[PDB]
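Below you'll find only one chain, the form deposited in one PDB entry, shown as structure tokens.
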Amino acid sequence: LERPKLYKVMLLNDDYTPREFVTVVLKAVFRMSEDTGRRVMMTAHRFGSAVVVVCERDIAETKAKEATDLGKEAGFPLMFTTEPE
């Protein structure tokens, strides 16, 4: 019954997904406000990726996939990933 291992959900930078689309994905999936979302993007643009949330593995995986799927099915390369903290 040891300490749980939490997972970061990362937003990845890209050149093709519209800024305003990412904002509404972040709002819908992660409840993240406009201002916060825009800081997350600037970070991803500066470093290649940005942490969105850190949570239980199953939940991290589920949200990364829902948020990615929204971009994918719109024809955008938008990608969210998980990584262990």
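One-based numbering along the sequence shown.
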Report the stretch with the higher mean CA temperature factor, choosing between 27 to 35 and 49 to 57 on the basis of the entry. 27 to 35
The stretch carrying the higher mean Cα B factor in the deposited entry, 14 to 22 or 64 to 72, is 14 to 22
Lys8 - Cα temperature factor, lowest/middle/highest third of chain: lowest
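Absent from the display: the form solved in complex with a small molecule. The rest refers to it.
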Can you work out whether the small molecule is within 4.5 angstroms of a heavy atom in all three of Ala60, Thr82 and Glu85 in the deposited bound form? no
Evaluate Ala74 for contact with the small molecule in the deposited bound form, applying a 4.5 angstroms cut-off between non-hydrogen atoms, and reply yes or no. no
Against the small molecule in the deposited bound form, would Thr68 count as a contact residue? Criterion: heavy atoms within 4.5 Å. no
Please determine whether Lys27 contacts the small molecule in the deposited bound form, using a 4.5 Å cut-off between heavy atoms. no
Going by a heavy atom distance of 4.5 Å, is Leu11 a contact of the small molecule in the deposited bound form? yes
